[PDB]
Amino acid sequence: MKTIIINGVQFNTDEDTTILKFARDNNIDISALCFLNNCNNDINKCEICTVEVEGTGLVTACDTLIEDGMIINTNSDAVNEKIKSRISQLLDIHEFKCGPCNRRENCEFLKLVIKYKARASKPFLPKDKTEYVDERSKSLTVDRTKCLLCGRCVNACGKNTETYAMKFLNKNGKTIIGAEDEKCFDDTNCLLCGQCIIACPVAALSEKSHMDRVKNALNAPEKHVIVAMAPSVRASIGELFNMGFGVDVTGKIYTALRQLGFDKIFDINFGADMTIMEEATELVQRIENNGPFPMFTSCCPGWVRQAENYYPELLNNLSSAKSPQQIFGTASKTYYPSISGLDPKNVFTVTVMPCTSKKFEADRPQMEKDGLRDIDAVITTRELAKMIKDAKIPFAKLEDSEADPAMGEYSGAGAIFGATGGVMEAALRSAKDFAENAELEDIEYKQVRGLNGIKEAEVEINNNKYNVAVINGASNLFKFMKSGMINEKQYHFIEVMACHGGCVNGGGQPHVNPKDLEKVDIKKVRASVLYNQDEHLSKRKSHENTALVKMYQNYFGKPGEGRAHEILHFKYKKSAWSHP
């Protein structure tokens, strides 16, 4: 039993919780900065959450437990002067130039600087930013002129992936964040999943920009620029246009893309149906051959890097079907010329992804054929929003349009790919039809859905029982492997997503400030858009996609053999033995 006084208001409570959490639950404003994911920066507390506790003095609300008898003041002059001072000291290490900054519209530090009217003691104005910037990665970029040393990226990497690939380092006698030994992230165990970017309150961590690749292609007279968006983009991008959360903006995106000058509007959900054709065909082959097992998905490039970096002995069990991004891109340089008359060399294929790891996937050396890359550029959901705003397109006011259908139609199975368990559910819908040679009516697999970290299910296919698992976040992959769960039974098909929640929570998604994250379950709300589409779509199985059926009939032949196997697949292998 506890009685506490906050700003003169008495509260009676039995809760055991921090001052910050209690205050937020009771509509009392306390500021915070380094607190995120239930953790603050223990070795360098920001102290933005400072409050006064009578008899004790100034304390950090984000990590101090309420106790019976506490009398708390959150808004005294002494408290506010301390907070202002901490913000001023951060400005002393921050290049405060918001005009061209990519977080200008949604920066948590700027909000605090305005709120406390803080100013640097000395403006931080480095003349040469070269030593502060790291753009070596295909996926991530670091600008340490903006870094507050808040630790949010370090903590988020450990929580989300358990790789600890993001670290505090000593560089030239100064503390920075970066990769192991200050190497390029891509050359370390890093997954390039971008959860560190999602955790950053400022513009210090960003995606590696592909915006100039795209602009130059749009402006080249002879290039025919295809664009296709991932499942999750249509459930997410509206957030950056003050539209709120959970808004389906599929048709507005198609219109915006035409206004930006793209030459063909397709959809990666078509590629998702392609991946299902190959992946369900492979699963059925393995079922009819009673092996090999388990089969892992290979469509999340964060998981592919996790397997390469930590479980190379599993690479032979990964599916060889290309991911929807790469399988679509392969078809865009082969099938698409065959139905359009375009010279393949002049097609430039752009995807819009909720993902930074997809930029590494698209840039893998062997993701090409006959000199033509499968995918020429990958922009994130955030990059597309900036492109729209730079062009002055009034996004929230646009009318709906449709995709071009030849590589644009999608079934409901493809639409759900962006949520954890979506690939599994989509694959089972086709595998059961294929193996049983039937058109089954019961197609919903709710047991694989939702935010649990490890989700197992038993499925009956062709009068035998099989075991499936959906691994939801890279940290949960480690738990599943390290605890021996992989050996507790025979698994037959396993989905792995590196980002908890699936691609709707990817590393290229709009930032959400900590207060909105408490108010809204972003992973569930974004996913609900995708499940709503599947419910209302006429075709809810990938192999019922009419444009896809035409494409295989006229160009690829049978899935899993012949031309389809030759060009639509990509096999991972552990490295050849060498010493040292």
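Quick note: we count residues from 1 along the sequence shown, nothing fancier. By rigid core we mean the largest C-alpha set that fits within 1.5 Å across both forms.
Task: in 7 other deposited structures of this protein, rigid core aligned: more displaced of 286-294 and 321-329 by C-alpha RMS - done: With the rigid core fitted, 286-294 is the stretch that strays more in 7 other deposited structures of this protein.
TODO: Give, as the answer, the stretch of 67-75 and 442-450 that departs more from the shown form in 7 other deposited structures of this protein; the measure is RMS Cα distance after a core fit.
DONE: Of the two stretches, the larger average C-alpha offset in 7 other deposited structures of this protein falls on 67-75.
Open item on the list: Mean Cα B factor from the PDB record: higher for 333-341, or higher for 280-288?
Closed with: Of 280-288 and 333-341, the stretch with the higher C-alpha B-factor average is 280-288.
TODO: Select between 17-25 and 559-567 the stretch whose C-alpha atoms have the higher average B-factor in the entry.
DONE: Between 17-25 and 559-567, it is 559-567.
Task: Residue with highest C-alpha B-factor in the PDB entry, from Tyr310, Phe266, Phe293, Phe480 - done: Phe293 has the highest C-alpha B-factor of those listed.
- [ ] Tell me, please, which of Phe417, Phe348, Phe262, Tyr491 has the highest C-alpha B factor according to the deposited entry?
- [x] Highest CA B-factor of the listed options: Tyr491.
TODO: Taking the values exactly as deposited, rank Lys127 by C-alpha B-factor within its chain and report the matching third: lowest, middle or highest.
DONE: It belongs to the highest third of the chain when residues are ordered by C-alpha B-factor.
Open item on the list: Please say which third, lowest, middle or highest, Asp63 falls into when its CA temperature factor is compared across its chain.
Closed with: Lowest third.
TODO: Compare the C-alpha B factor of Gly412 with those of the other modelled residues in its chain, then answer lowest, middle or highest third.
DONE: Middle third - that is where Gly412 ends up once the chain's C-alpha B-factors are sorted.
Open item on the list: Using the temperature factors of the C-alpha atoms in this entry, rank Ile226 within its chain: lowest, middle or highest third.
Closed with: Lowest third - that is where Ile226 ends up once the chain's C-alpha B-factors are sorted.
- [ ] Would you mind checking where the Cα B-factor of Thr163 ranks among the modelled residues of its chain, as the lowest, middle or highest third?
- [x] Lowest third.
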